[PDB]
Amino acid sequence: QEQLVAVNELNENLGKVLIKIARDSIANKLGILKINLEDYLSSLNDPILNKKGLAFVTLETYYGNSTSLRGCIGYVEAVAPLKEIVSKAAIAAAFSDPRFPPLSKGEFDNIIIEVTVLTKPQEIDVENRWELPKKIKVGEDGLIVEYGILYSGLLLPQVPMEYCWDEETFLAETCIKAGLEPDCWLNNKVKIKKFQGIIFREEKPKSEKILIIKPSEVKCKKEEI
């Protein structure tokens, strides 16, 4: 809205760009790609890239039929222009993860990059809380239930779907996560935000084709072999 990115704005080509931004940022810090990252980032003039959101980047070592976590970093404290938060996260995924050595030039070629974009959580202003279940959608919306610093509950978009919940159960379970009663969502004093997310990932290192993974395509665990 006020320069905030919406998930429906992120298509396969934008995911293609975010992935290349992450790729080049790392390549630039590894010393592989010769560029001025800052000027490079400001040259990407697609307005979408500059809308704000939250982002995470995880690097997985590529194998025939499996992958291995290689580094993960994400920022959820404050939204910032996509291209910037993604460039920053990519770099951190490669060099800041406390669990691995920094990425080496030798590894860069065998890593698959995954970029997750989350929208800025936003308050659901409905003065008829019983109509609250209608203003959200299981499989698309993440939730945040708050009531003063002491009570805060957060659920990612996928959770409700993989556990096969309906909209109300979803709000109840988040309330329980916040330390509140199952029906805390009907209480005007309890603030409720929603947000969305999306995932882009190379199916192979530097591949042209990328996989778009949506929280709404997750299978209810009860239907898993």
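As summarised from the PDB record, the model derives from X-ray crystallography at a stated resolution of 2.45 Å.

Caption draft 1: Local environment of the packing of helix α1 (residues 12-30) against helix α3 (residues 82-95). Two elements in contact, α1 and α3, have axes separated by 8 Å at closest approach and are oriented at 50 degrees. In terms of orientation, α1 lies oblique with respect to α3. The handedness of the crossing between α1 and α3 comes out as right-handed. Facing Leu18, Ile21, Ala22, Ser25, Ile26, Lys29 and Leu30 of α1, the residues of α3 in contact are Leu82, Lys83, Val86, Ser87, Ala90, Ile91, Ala94 and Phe95. Each residue belonging to the contact of α1 with α3 can be placed in one class, and the counts come to 11 nonpolar, two polar and two charged.

Caption draft 2: Representation of the sheet that holds strand β1 (residues 52-62) in the model. Overall, antiparallel pairing links the five strands, which are arranged β2-β1-β3-β8-β9 in an open sheet. Of all the strands in the sheet, just β2 (67-81) and β9 (210-213) have a single pairing partner and so form its edges. Pairs of neighbouring strands in the sheet enclose a mean axial angle of 15 degrees, with direction left out of account. Sheet strands in contact with α1 are β1, β3 (111-118), β8 (197-202) and β9, and its direction is about 120 degrees off that of β3. Running at roughly 145 degrees to β2, α3 makes contact with β1, β2 and β3 of the sheet.

Caption draft 3: Up close: the nonpolar core. Ranked by size, the top nonpolar core spans 38 residues in total, and within it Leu10, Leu18, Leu59 and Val115 carry the most contacts. Contributions of two or more residues to this core are made by α1, α2 (37-43), β1, α3, β3 and β8. Beyond its immediate stretch of four places on either side in the chain, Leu59 contacts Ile26, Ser68, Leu69, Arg70, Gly71, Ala93, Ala94, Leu103, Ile111, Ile112 and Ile113. Ranked by size, the runner-up nonpolar core spans 19 residues in total, among them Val145, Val159, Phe170 and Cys184.

Caption draft 4: Structural detail: the side chain of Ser25. In this structure, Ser25 sits in helix α1. In this structure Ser25 comes out as buried when scored by relative accessible area, which is 0%. Excluding its chain neighbours within four sequence positions, the residues that come into contact with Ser25 are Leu37, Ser87 and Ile91.

Caption draft 5: Up close: the packing of aromatic side chains. According to the stated counting rule, one finds three aromatic pairs in the structure shown. For the ring pair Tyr147 and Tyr151, a centre distance of 6.4 Å and an interplane angle of 20 degrees mean the geometry is stacked. Overall, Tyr147 belongs to the partly exposed group, its relative accessible area being 40%. Since its relative accessible area comes to 33%, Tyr151 is described here as partly exposed. Their ring planes at 40 degrees and their centres at 6.0 Å tell us that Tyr163 and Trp165 sit as a pair that is tilted. Its relative accessible area of 24% is what places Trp165 among the partly exposed residues. Across the ring face of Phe108, the terminal group of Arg23 is positioned such that the distance to the ring centre comes to 5.0 Å.

Caption draft 6: How the structure looks around the pattern of salt bridges. In the structure shown here, the tally under the stated rule is 12 salt bridges. A salt bridge links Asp24 to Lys20, with the nearest nitrogen and oxygen atoms 3.4 Å apart. Placement of the pair is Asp24 and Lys20 together in helix α1, with a separation of four residues, close to one helical turn. For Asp24, a relative accessible area of 9% corresponds to the buried category. With a closest N to O distance of 2.6 Å, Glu107 and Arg70 form a salt bridge. One end of the pair, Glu107, is in helix α4 (residues 105-108); the other, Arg70, is in strand β2, and 37 residues separate them in sequence. Among the residues examined, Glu107 registers a relative accessible area of 26% and is labelled partly exposed.

What counts and how
- Residues numbered from 1 in each chain as written, not as in the entry; some residues may be left out.
- Heavy atoms only, no water.
- Axes fitted to C-alpha atoms, helices over the stretch in contact; angles between N-to-C directions.
- Helix = DSSP H or I, 4+ residues; strand = E, 2+ residues; numbered from the N terminus.
- Parallel < 35°, antiparallel > 145°, perpendicular 65-115°, else oblique.
- Left-handed = near helix turned anticlockwise from the far one by under 90°.
- Contact = heavy atoms within 4.5 Å.
- Nonpolar A, V, L, I, M, F, W, Y, C, P; charged D, E, K, R; others polar.
- Pairing = 2+ DSSP bridges.
- Core = buried A, V, L, I, M, F, W, Y, C linked by side-chain atoms within 4.5 Å.
- Buried < 20%, exposed > 50% of the residue type's maximum accessible area, 1.4 Å probe, protein only.
- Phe/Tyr/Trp six-rings, centres within 6.5 Å; stacked < 30°, edge-to-face > 60°.
- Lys NZ or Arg CZ within 6 Å of the ring centre and 35° of its normal.
- Salt bridge = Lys/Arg side-chain N within 4 Å of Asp/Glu carboxyl O.

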